[PDB]
Structure formats: C-alpha cells, structure tokens
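>>> Build me a structure from this.
(one chain, ligands or ions: 1)
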Amino acid sequence: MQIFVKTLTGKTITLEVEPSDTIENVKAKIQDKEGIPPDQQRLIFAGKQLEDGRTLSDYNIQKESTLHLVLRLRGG
Ligand SMILES: [Mg+2]
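Residues are numbered from 1 along each chain as shown. Have a look at this structure:
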C-alpha cells in the first residue's frame, strides 16, 4: 500500500509499505530512499510519537495516511 511522509519544509515522500511493517522498517525505507539515518528520524501521527517496534496496523495507519517526519540530531 501507499503512505505519505510530510517534512517540516513541506516536501512529500511516498513509500510502499504493508500494514505489518514496523516503524523500524519504515525508517529504514526512508533511509534507503533519502539517506537519513534512522536515529535522526522521528515519525509522528494522530498525536503520537511512533515507536520502532510496533507496526503500522498498531497505529491504524492505513492506505493514503500521511505521517509527519521531524529530524533530530540528538535524543529527547
Ligand atoms: Mg493521514
């Protein structure tokens, strides 16, 4: 299925995923396609910080959903 990732500078990245992909897999796909190391990625959806070990279906992320991507240089 198709999901979208929006950045703070207003750009949209499209990903091909399955509901059983983990957030870790998604960050790895962003890194594959955009070079951003997963540790610098924060994905946000529906008022939640998303956690690497859970699945898209765990957050009811469906076809056509749009995640927010925030980059960080350190922890928090
Ligand atoms: Mg959405």
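
>>> For the rest of this, base every contact and every neighbour count on C-alpha atoms.
Fine.

>>> Now the most centrally placed residue in the chain. Nearest residue, chain neighbours left out?
Per CA atoms, centre = their mean, the C-alpha nearest to the average position across the chain is that of residue 43, at 4.6 Å. Among residues not flanking residue 43 along the chain, residue 69 sits closest, at 4.8 Å (CA to CA, 6 or more residues apart in numbering).

>>> what sits against the one you found?
Residue 69 makes contacts with 5-8, 41-44, as judged by CA atoms under 8 Å, 6 or more residues apart in numbering.

>>> ok, and it, which helix or strand is that part of?
strand 66-71 (DSSP states H and E).

>>> Buried residues in that strand, which are they?
Neighbour-count burial for strand 66-71, counted by 16 or more other CA atoms under 10 Å, picks out 66-69.

>>> before we move on, what about stretch 43-51?
Going by neighbour count (16+ other CA under 10 Å), the buried part of stretch 43-51 is 43-44, 50.

>>> And for stretch 6-17?
Buried residues in stretch 6-17, counted by 16+ other CA under 10 Å: 6, 17.

>>> now the end-to-end length of it.
Start to finish, the residues bounding stretch 6-17 are 16 Å apart (CA to CA, to the nearest Å).

>>> Give me the residues contacting that stretch.
For stretch 6-17, contacts defined as CA under 8 Å, 6+ apart pick out 1-5, 26, 29-30, 66-70.

>>> Generate a markdown table for these, with distance to residue 57 as supplementary columns.
Formatted as a markdown table, the contacts of stretch 6-17 follow (distance: CA to CA, whole Å):
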| residue | distance to residue 57 |
| --- | --- |
| 1 | 12 |
| 2 | 13 |
| 3 | 12 |
| 4 | 15 |
| 5 | 16 |
| 26 | 13 |
| 29 | 17 |
| 30 | 18 |
| 66 | 14 |
| 67 | 13 |
| 68 | 17 |
| 69 | 18 |
| 70 | 21 |
